[PDB]
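Taken in order, these protein sequences are the chains called B, A and A'. A prime marks a further copy of an entry chain. Count the first sequence with the authors' numbering and you get residues 354 to 454, 469 to 529, in order. Remember, the authors' numbering sits 10 above the position in the second sequence when you count from 1. Remember, the authors' numbering sits 10 above the position in the third sequence when you count from 1. Down below is the structure, laid out as structure tokens.
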Amino acid sequence: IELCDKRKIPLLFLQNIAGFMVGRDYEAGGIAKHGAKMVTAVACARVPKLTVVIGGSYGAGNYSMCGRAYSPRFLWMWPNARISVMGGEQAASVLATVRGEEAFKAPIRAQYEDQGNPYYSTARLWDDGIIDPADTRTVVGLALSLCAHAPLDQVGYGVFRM
Amino acid sequence: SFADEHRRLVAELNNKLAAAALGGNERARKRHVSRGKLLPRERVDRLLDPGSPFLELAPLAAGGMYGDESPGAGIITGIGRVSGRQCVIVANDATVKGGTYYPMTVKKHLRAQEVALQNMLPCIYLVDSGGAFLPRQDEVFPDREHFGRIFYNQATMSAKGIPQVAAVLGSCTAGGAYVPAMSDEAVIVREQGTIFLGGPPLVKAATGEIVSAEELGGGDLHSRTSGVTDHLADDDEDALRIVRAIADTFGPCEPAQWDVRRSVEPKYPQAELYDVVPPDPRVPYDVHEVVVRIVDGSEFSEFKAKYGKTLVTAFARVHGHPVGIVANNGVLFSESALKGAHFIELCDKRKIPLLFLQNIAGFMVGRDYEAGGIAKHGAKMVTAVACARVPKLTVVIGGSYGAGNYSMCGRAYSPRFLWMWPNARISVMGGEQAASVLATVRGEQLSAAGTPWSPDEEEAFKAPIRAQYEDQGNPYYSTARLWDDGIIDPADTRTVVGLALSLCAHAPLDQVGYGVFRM
Amino acid sequence: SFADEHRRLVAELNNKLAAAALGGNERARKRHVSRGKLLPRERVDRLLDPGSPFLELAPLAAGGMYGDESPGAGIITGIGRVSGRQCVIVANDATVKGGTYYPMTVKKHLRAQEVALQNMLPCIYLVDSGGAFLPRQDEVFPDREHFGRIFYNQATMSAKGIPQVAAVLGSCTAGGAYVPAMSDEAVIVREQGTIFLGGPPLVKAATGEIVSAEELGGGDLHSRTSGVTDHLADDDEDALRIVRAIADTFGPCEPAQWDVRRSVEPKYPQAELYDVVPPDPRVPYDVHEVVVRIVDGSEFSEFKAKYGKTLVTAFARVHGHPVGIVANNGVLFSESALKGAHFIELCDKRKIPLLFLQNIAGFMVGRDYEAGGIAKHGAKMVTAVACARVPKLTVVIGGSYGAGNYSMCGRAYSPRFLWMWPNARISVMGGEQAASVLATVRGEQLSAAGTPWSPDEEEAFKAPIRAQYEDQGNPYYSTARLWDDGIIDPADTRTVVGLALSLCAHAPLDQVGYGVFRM
């Protein structure tokens, strides 16, 4: 992203989130601060950004891959895309173990299928539209020609947590 | 025949260039390619766009220095086109002492980066260096213009958006590991290129571990594990292909800072310069004869043609580029200097690059001249040269002596490029002038002490002085230490200048602004 | 007693400073004042405001060079208050070979002007120089960092509104005539000061005219007729009074770039540094012991105290000025470098000047360290040092070796000032490290050739290497060549830093901006 920013190359993020790696050694290796460096870069980049969700969009991975809160010029989803804070099974596992300490899990697994559906997303303008995967190239080409005539800001980042 | 002498000097220069261009001896060159590497000069050649010109900087660096163990200071530097972009290219010559950095190697590396900065040109570093020359480590390592400045330059140039790209084709060790590590994008050749801050001998010395260069910092290790490099290449040719692809992603260039016209050829062949300029700088001639031959259509508009006639100032074009030529035509007077200062003001306002043609003995001397304020008139010209915001180019076509060097845009006044003709001389004063002046003082002292010398003794005293200035002042001594960017065939003056102006055309100009003019 | 050794080294330093401060031998000093001139150091002293501190730069320049014929390189440079304004003062020491410019004299003159530019300080030139050292004219005259750059600097600094003021108190000849001629305002002493582009010997040699220095370019001639000078002074004292009056017309200063607090004293005497720091750089100690003593109230806020513990980074104050101290506390690891880069980012955003305390052997070595990307982590720190927009100060309190020098803001990274302690060493690698590494390679070669050496022979090979690094790496060798701005008593560290920060506080800061960080 630093390279594209300095060379004035627009960014295109293709999201298919599968989470971050989890475990003692991964947190100890600073995965949180390394992810943070990417988010800083995405957030502060002065070049136009475009986002297309071609698969999953879940949790912190959304932020690192230029989700809606990172102000890409446009954000689209494919019809197979899914978006939520986490997966349905995960959310039900979490709310159940608190309650314990299946008929309770049912409406929650359903909630996440419902809310994570691409039509639920477009309905609320989390994205700018669901697109035919076959139209990705032309939509991106069209968007980039629109973005080409707004003056670029200077390069400048927040503190990178080394 | 002035021209027989010029042609002899050019034949000598071209023999020295061909020898230096080979790099190391045939053994060294054979070893280098025995395991599949391309030679350094082949690497540069394959990087360039087919047909691209290559403006080589300081090819005879370190000539007659270090007992000639480092031809060209063991490094190749120049400017050429890579994927359509003009780039500064720096290539370690691994055939010359394993690409070791002698003091002049560092200076030459730094000079290339200075050119990159001033003209906003991307930098491509083809790395293959075994480290520093340790017996002269005090002239390689610690000071502001030593090895550390390479990385200050990389970082500050990268901050300005000037791409820094590295390809590790051989050894890269100690501080030299920062070349690729502080590049924006780095390529490395598999099972050939290595990078480490601490090499195997130091690993062994410090910890006792026995480790190979490959195990310690090979291409696979850095490209898969460490992330020190960004591309893994199969061989040298593949690495160069990859650099070309990187260069194709470079962003927009700045627009030309002045209007470029269609080039018109001169009326005369450039080889006629050999007939027109006396090799001996003491022999007078009309510098108009040079100007008329190097400029487009052999046309120019002379400013103040009838005033201060020992300095020639004329507007012209070279390869379609506007130029303001400032050319010596005798000893400098107050009027010459006033004229030069004025002329420079005009070029500055009109965005006309300046071309200084130096053949300068010095200023007129005597009470009436000092009383007429020759020091302050000279000063005005220096102020204008120093403060001018247009690009400046300097070619020493004859003498470059004393304060006249300063007034005519010498090395200390940051011309974008400075070249020398094979007949040129440069020194604090002219050889004969120095001998004559020092003999005048010594003769007076001997007289005053009651031991006046004979004509023979005076002559015996002058001979070593003349030898000093001939030895320290000739173009090979100058170019070895990078006081200039190269010795050129006088017949190439037009080509080189046209090429340089094309390079200077895309760096944004500062505002006009001068120091106080001492009226 | 570490402290007995420190006190011995300081006593040696002070003896060398007292000797160099005398300038020429007693004969030279007597001649100089026989006709009414003040001594160079008296000239500086009378120029200053009563009670003003004087931060002298490079007082031991040219020490052990040129057979010691030019103590302090025959020139006095420093910063002090003149009519309430901090000014850079450059005074030719006419008692040292008539103020002749040796190569280090030029470098020292240029260093002073660099300081003037970076801190926006007016320049006062007290001129009294007989010209260049002709046997080394090739190291005085032609190149970018040679005599010509003095006038490039005068002009470009004048264009930026940095006053350039000259007082001609003795001889001023050849290119040296541009010092006053390219000054904004020039004073000259009657029947004492002279200025000419061409002196009497050259006038005679060229034209046969016999003319005295006074007739050719005296004070009356330039102040009444030529206009090369603007004030005619009765004597040295009068000339200095006049300079003080000129300085009183200087325009508004820029405001302080950060908030300055009331100074709070440390809890400990500064002389305790002698007890706390081993003179030998190889001997480990806790660098916190230095930090706690030099900072206000002996207070500091340490950043990442428990991470990358071989580098100490702490926020503090020195004489009311905020500082970010970066101090070595062992061998550098990846974590140390990441920590330093981060710390530098914070100081940069918060407008906190950086203070680098160097005692740096190098980076950890071995496969796991290179595989963990130690080269690129080091690179990030260098990028941050190079690109930081806050003022930087460096004090070498121990070792300054290899790539660690670069990572810790060595001379090539343009700290506003760089000083050394008397125990410090600087070289491409540590003396013992060099001997050990070169012996490791030579021992292996001898083995492979079938002539393995004995323990005695290995030791005989190391002794000259250790001698090279001791000779080229000690503070006197460094300071003679201006790799640093001076050797300081460790107990003066706090005073000097406090003074420097006061000077750095009034030059406008650039924007924050970094080169690419190799993640």
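Here a beta-carbon is modelled for each residue, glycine too, at the ideal position from N, C-alpha and C.
Scanning chain A for C-beta atoms nearer than 8 angstroms to the C-beta of A':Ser437 yields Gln147, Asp148, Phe151 and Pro152, reported in chain order. Using a CB distance below 9 angstroms, no part of the region 363-375 of chain B faces chain A'. The Cβ atoms of A:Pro474 and A:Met430 do not sit closer than 7 angstroms to each other.
Going by beta carbons, A:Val341 and A:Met374 fall inside the 7 angstroms limit.
DSSP places A':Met167 inside the alpha helix (DSSP H), whose first and last residues are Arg159 to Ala169. Between A':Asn339 and A':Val297 the beta-carbon gap is near 4 angstroms, inside 8 angstroms, which marks them as a contact. Selection A:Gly171, A:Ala169, A:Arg200 and A:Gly208 evaluated against A:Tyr188 yields A:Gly208 as nearest (Cα-Cα). Of all residues in the region 155-169 of chain A', only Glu155, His156, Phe157, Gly158, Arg159, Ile160, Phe161, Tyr162, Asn163, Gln164, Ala165, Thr166, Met167, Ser168 and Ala169 place a beta-carbon less than 9 angstroms from a beta-carbon of chain A. Separation of the CB atoms of A':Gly94 and A':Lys26 is rounded to 33 angstroms, and the pair is thereby denied contact status at 8 angstroms. Contact between the region 234-254 of chain A' and the region 195-214 of chain A' is established, with three or more Cβ pairs separated by less than 8 angstroms. Secondary structure of B:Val522 (DSSP, three-state): coil.
A:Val400 and A:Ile89 have their C-alpha atoms spaced approximately 20 angstroms apart. Excluding five sequence positions before and after B:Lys386, the CB atoms of its chain that fall closer than 6 angstroms to its own CB belong to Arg528, given in chain order. Counting only runs of 3+ residues, the beta strand (DSSP E) found wholly inside the region 66-143 of chain A occupies 85-92, 95-102 and 133-137, in chain order.
Fully enclosed beta strand (DSSP E) runs of no fewer than 3 residues occupy 195-199 of the region 193-217 of chain A, in order along the chain. Straight-line spacing of the CA atoms in A:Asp248 and A:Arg45 works out to 16 angstroms.
The C-alpha of A':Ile85 lies about 21 angstroms from the C-alpha of A':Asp245.
Taking 7 angstroms as the threshold, the shortest C-beta distance from B:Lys361 to chain A falls below it. For B:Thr404, the pairing in a beta bridge is given by DSSP as B:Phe366 and B:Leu428.
Straight across, the Cα-Cα distance linking A:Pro288 with A':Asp148 is about 25 angstroms. Sorting A':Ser11, A':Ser437, A':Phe12 and A':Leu23 by C-alpha distance to the C-alpha of A':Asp502 places A':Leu23 at the top. Using beta-carbon distances, A:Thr239 does not count as an interface residue toward chain B, since no partner is under 7 angstroms. Around A:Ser311, the same chain offers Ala324, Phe325 and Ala326 as residues with beta carbons nearer than 8 angstroms, after the five sequence neighbours per side are excluded. Using a Cβ-Cβ cut-off of 7 angstroms, B:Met418 does not count as an interface residue toward chain A', since no Cβ of chain A' sits closer than that to its own. In its chain, beyond the 5 residues on either side, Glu345 and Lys349 have a beta carbon closer than 7 angstroms to the beta carbon of A:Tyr317. A:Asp495 places its beta carbon less than 7 angstroms from that of A:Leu428.
Rounded to the nearest whole angstrom, the CA to CA distance from A':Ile384 to A':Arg377 is 10 angstroms. Non-local C-beta neighbours of A':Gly453 in its own chain, meaning closer than 7 angstroms and more than five positions away in sequence, comprise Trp463 and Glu468, ordered along the chain. Close to A':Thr217, with beta-carbon spacing below 8 angstroms, are these residues of chain A in chain order: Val375 and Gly376.
Residue-level contact by beta carbon fails for A':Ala385 and chain B, as no gap is shorter than 7 angstroms. Non-local beta-carbon contacts of A:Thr110 in its own chain, meaning distances under 8 angstroms to residues more than five positions away in sequence, involve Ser80, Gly84, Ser139, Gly140, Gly141, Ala142 and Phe143 in chain order. Using a Cβ-Cβ cut-off of 7 angstroms, A':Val526 counts as an interface residue toward chain B, since at least one Cβ of chain B sits closer than that to its own. With contact defined as three or more Cβ pairs closer than 8 angstroms, the region 47-62 of chain A and the region 95-106 of chain A are in contact. In the DSSP secondary-structure assignment, A:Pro332 is bridged to A:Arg327. Within a 10 Å sphere around the beta-carbon of B:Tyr379 sit fewer than 16 other beta-carbons, which makes this residue exposed.
Counted as a single uninterrupted DSSP element, the alpha helix (DSSP H) harbouring B:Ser488 occupies residues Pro485 to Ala490.
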